[PDB]
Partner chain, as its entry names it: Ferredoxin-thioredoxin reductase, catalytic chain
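Shown here is one chain on its own, the form deposited without the partner chain, set out as structure tokens.
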């Protein structure tokens, strides 16, 4: 399923997480977004208890996109200890996301 995060739950779900966080930025109008949705869901289950994963619809939470200067999607952001550690744009393969995840673990 992957939990949704927005402007109001951001600080609590992402910035105060005790574990590395992977956030998927998407929007209904973006075709390529449908292509990584399966990978994000699979990785979330696959790494339960090890990392937190959320999805952020830019249509409904532009504030967050503005704070981190996100101007394009699909975008995947990684957070750790309250700090943004890396940003990836495009249709990212499951393998590349796994290297990054494994790095913050």
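Numbering follows the first chain given and starts at 1.
The stretch with the higher mean CA B factor, choosing between 29-37 and 72-80, is 29-37. Among all modelled residues in its chain, residue 92 ranks in the highest third by Cα B-factor. Sort the modelled residues of the chain by CA B factor and residue 18 lands in the highest third.
When the CA B factors of the chain's modelled residues are split into thirds, the value for residue 46 lands in the highest one. In the deposited entry, the Cα temperature factor of residue 12 places it in the highest third of its chain's modelled residues.
This protein has a second form, the form solved in complex with the partner chain, left out of what is shown; the following refers to that one.
Using a 4.5 Å cutoff between non-hydrogen atoms, residue 30 counts as a contact of the partner chain in the bound PDB entry. The closest non-hydrogen atom of residue 37 lies beyond 4.5 Å of the partner chain in the bound PDB entry.
The partner chain in the bound PDB entry comes within 4.5 Å of no heavy atom belonging to residue 48.
Interface residue remark: residue 44 is not counted as part of the site for the partner chain in the bound PDB entry, having no heavy atom within 4.5 Å.
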